[PDB]
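> structure, please.
(2 chains)
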Protein chains: 2
Amino acid sequence: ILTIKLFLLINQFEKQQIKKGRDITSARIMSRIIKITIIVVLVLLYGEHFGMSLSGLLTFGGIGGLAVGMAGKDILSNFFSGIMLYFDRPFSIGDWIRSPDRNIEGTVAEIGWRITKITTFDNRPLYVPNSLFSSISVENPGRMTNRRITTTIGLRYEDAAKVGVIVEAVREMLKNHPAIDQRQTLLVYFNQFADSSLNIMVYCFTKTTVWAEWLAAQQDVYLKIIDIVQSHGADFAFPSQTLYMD
Amino acid sequence: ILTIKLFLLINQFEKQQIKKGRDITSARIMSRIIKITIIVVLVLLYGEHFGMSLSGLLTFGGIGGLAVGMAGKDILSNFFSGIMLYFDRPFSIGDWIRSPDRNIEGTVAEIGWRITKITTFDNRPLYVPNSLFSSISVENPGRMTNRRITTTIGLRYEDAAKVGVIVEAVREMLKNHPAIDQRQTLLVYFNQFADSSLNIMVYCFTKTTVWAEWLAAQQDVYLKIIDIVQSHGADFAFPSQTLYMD
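Residues are numbered from 1 along each chain as shown, chains lettered A, B, ... in the order given. Structure as follows:
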């Protein structure tokens, strides 16, 4: 009677699946799989009332469970990481996340029990298994406080005598710029002998975190830098070579 | 009598395989494998009525089951992932999928219990084990909402005084173009000092998602960009060098 009840229940489940709309063969095969697994479990549980010695059954069940345990590790791992994300999550719906270990970049669209759906920056959906969030470092640019401007000014080797003043000038321009956050790092220094140029690093932060505003401020700063460099009598260096001709 | 019945059943199976059409030698070897497996299982189950002490049998069965369980991990993992895909699938038949972790690019043709068949873009079939879908990130470009146009305009360093206006002009052209989606990201900014050029980024989206229509719109935009750049007295930069000769 227990087997009859279970068979009726799963047959109702299969009929419900078919009504919802699915392939005939796939539904029948799934129902047959449920048949076989239920029968195996019941025989493993009813192996003494009409069954056999509890030593062969122990070995058979152990081998089967051991194979099933190794085979099903990844699916269960994804679902466990989903529970973990439900309780402890480093991100929320709608913020931009990133990783230096894997490519998961985009904005979080949905958090599920098995996978997380992320909208990439070319407007495509990306489905990330949840277990990844238990082993990789996750960055959250959606929670940043400042945007950073970094660049290099490569002057010609003949402009060495003009390096110092130029550096000072650039620094002054950055300390009076309305878009630059004066409470963050602000560095302008000559710090590299390159192959064809002397390199000055520029390193600062903007107040805003908006993409377009940061880009506009960066363009303004770059144009001002060009003006400063050219007004002092220096120039930007192309890749350079010394040629000895026969 | 149980062994006789099982032997008759598998012999009928072998004859059916031969009738369906298969190598006779391979069928005989398969039938012999089924023989040996059935005999081993039955002895493991009937090891007390006429068998031995239930301590050596336990050890033998444990060693055998441990080896069999670790050897069969991959096949069972593929089938478990097939069941998972039957219940929870990030794609349907006919859409184009991709992955940043493995090369699986193409359009989904068939979803099976063990493998998934995908048609590549050079019209070849590719068979992907299902277990991969439990551990890699899957992108679905077949479900995209927009296509993206990104490019770089590289102007000569002598065109610095013409950067600003050019940027504005390009931006205006993108805001009046009938093929550009005005509700998405639209960025045109000077954002890079390159080795031989000043670089302006172009970043926008098209309304359509069709391949040929997107390519036609991109070609139209590129030709308009060339016209805008040349009409303002600037030019595109080749790789440049400064040469010092003896």
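> strands of chain A, start to end?
Taking DSSP state E as the test, the strands found in chain A are A:96-97, A:106-111, A:115-119, A:125-129, A:147-155, A:187-193, A:198-206, A:240-243.
> for the last one, which helices and strands make contact with it?
So the one you mean is strand A:240-243. strand B:242-245 (3 or more CB pairs under 8 Å, 6 or more residues apart in numbering or on different chains; DSSP states H and E). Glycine gets a C-beta too; all of them are placed from N, C-alpha and C.
> strand partners of the strand it packs on, parallel vs antiparallel please.
Sheet pairing here is set by DSSP bridges, and for strand B:242-245 it gives strand A:240-243 (parallel).
> off-centre distance for the partner strand?
Its chain's C-alpha centre lies 44 Å from the corresponding centre of strand A:240-243 when counted by CA atoms, centre = their mean, to the nearest Å.
> which residues touch it?
Around strand A:240-243, the neighbours that count as contacts under CB atoms under 8 Å, 6 or more residues apart in numbering or on different chains are A:195-196, B:241-246.
> among the residues you listed, who's most crowded?
Comparing those on neighbour count, residue A:196 comes out first with 15 neighbours (neighbours: other CB atoms under 10 Å in any protein chain shown).
> distance of that one from chain B?
Between residue A:196 and chain B the distance is 8 Å, computed by CB to the nearest CB, to the nearest Å.
> got it, and residue A:225?
Residue A:225 sits 9 Å away from chain B when distances are taken as CB to the nearest CB.
> would TSV of the contacts of strand A:240-243 with distance to residue B:169 be doable?
Written out in TSV, the entries for these read as follows (distance: CB to CB, whole Å):
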residue	distance to residue B:169
A:195	36
A:196	33
B:241	30
B:242	31
B:243	34
B:244	38
B:245	40
B:246	45
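> doesn't residue B:69 make contact with residue A:70?
Yes - with the criterion set as CB atoms under 8 Å, residue A:70 and residue B:69 qualify as a contacting pair; they are 6.3 Å apart.
> which of these two has more residues huddled nearby?
Neighbours were tallied for residue A:70 and for residue B:69 using other CB under 10 Å; the higher tally belongs to residue B:69 (20 against 15).
> what about the helices in chain A?
In chain A, the helices defined using DSSP state H lie at A:2-20, A:24-45, A:56-71, A:73-87, A:163-175, A:211-231.
> ok, which of the ones you listed comes nearest residue B:163?
Comparing the helices of chain A against residue B:163 with CB to CB, the closest turns out to be helix A:211-231 (6.9 Å).
> got the angle for that closest one vs strand A:187-193?
Computed with axes from the mean of the first three to the mean of the last three CA atoms, to 10 degrees, the direction of helix A:211-231 lies at 60 degrees from that of strand A:187-193.
> for helix A:211-231, packing partners?
In this structure, helix A:211-231 packs against strand A:147-155, helix A:163-175, strand A:198-206, helix B:163-175, strand B:187-193, with contacts taken as 3+ CB pairs under 8 Å, 6+ apart.
> mind saving the C-alpha coords of that helix as PDB?
Listed in PDB are the C-alpha atoms of helix A:211-231, where the atom choice follows Å, rounded to 0.1, in the frame of the first residue of the first chain:
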ATOM      1  CA  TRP A 211      30.600  57.800 -14.400                       C
ATOM      2  CA  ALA A 212      30.000  60.700 -16.800                       C
ATOM      3  CA  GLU A 213      30.900  63.400 -14.200                       C
ATOM      4  CA  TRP A 214      34.200  61.600 -13.400                       C
ATOM      5  CA  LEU A 215      35.000  61.300 -17.200                       C
ATOM      6  CA  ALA A 216      34.300  65.000 -17.700                       C
ATOM      7  CA  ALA A 217      36.500  66.000 -14.800                       C
ATOM      8  CA  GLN A 218      39.200  63.700 -16.100                       C
ATOM      9  CA  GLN A 219      39.000  65.300 -19.600                       C
ATOM     10  CA  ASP A 220      39.200  68.800 -18.000                       C
ATOM     11  CA  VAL A 221      42.300  67.800 -16.000                       C
ATOM     12  CA  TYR A 222      44.000  66.200 -19.000                       C
ATOM     13  CA  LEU A 223      43.500  69.300 -21.200                       C
ATOM     14  CA  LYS A 224      44.800  71.600 -18.400                       C
ATOM     15  CA  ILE A 225      47.900  69.300 -18.100                       C
ATOM     16  CA  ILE A 226      48.500  69.700 -21.900                       C
ATOM     17  CA  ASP A 227      48.300  73.500 -21.600                       C
ATOM     18  CA  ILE A 228      50.700  73.500 -18.600                       C
ATOM     19  CA  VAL A 229      53.300  71.300 -20.200                       C
ATOM     20  CA  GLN A 230      53.300  73.200 -23.500                       C
ATOM     21  CA  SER A 231      53.300  76.700 -21.900                       C
END
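> and that helix, what's buried?
By neighbour count, and taking 16 or more other CB atoms under 10 Å in any protein chain shown as the criterion, the buried residues in helix A:211-231 are A:214-219, A:221-223, A:225-226, A:228-229.
> chain center to it: distance?
Remark: helix A:211-231 is offset 31 Å from the chain centroid, using CA atoms, centre = their mean.
> try stretch A:10-20
Stretch A:10-20 has its average C-alpha position 39 Å from the chain's average C-alpha position, going by CA atoms, centre = their mean.
> ok, stretch A:167-175 next?
Stretch A:167-175 sits 37 Å away from the centroid of its parent chain (CA atoms, centre = their mean).
> residues in contact with that stretch?
Contacting residues not belonging to stretch A:167-175 are listed as A:153, A:180, A:182, A:186, A:188-190, A:200, A:202, A:204, A:221, A:224-225, A:228, A:232 [CB under 8 Å, 6+ apart].
> hmm, try it at 10 Å
By CB atoms under 10 Å, 6 or more residues apart in numbering or on different chains, the residues outside stretch A:167-175 that reach it are A:149, A:153, A:162, A:180, A:182, A:186-190, A:200-204, A:221, A:224-225, A:227-229, A:231-232.
> returning to that earlier point: can you redo the strands of chain A as JSON lines with distance to residue B:104?
Written out in JSON lines, the entries for the strands of chain A read as follows (distance: least, CB to CB, whole Å):
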{"stretch": "strand A:96-97", "distance to residue B:104": "23"}
{"stretch": "strand A:106-111", "distance to residue B:104": "19"}
{"stretch": "strand A:115-119", "distance to residue B:104": "16"}
{"stretch": "strand A:125-129", "distance to residue B:104": "13"}
{"stretch": "strand A:147-155", "distance to residue B:104": "36"}
{"stretch": "strand A:187-193", "distance to residue B:104": "43"}
{"stretch": "strand A:198-206", "distance to residue B:104": "40"}
{"stretch": "strand A:240-243", "distance to residue B:104": "46"}
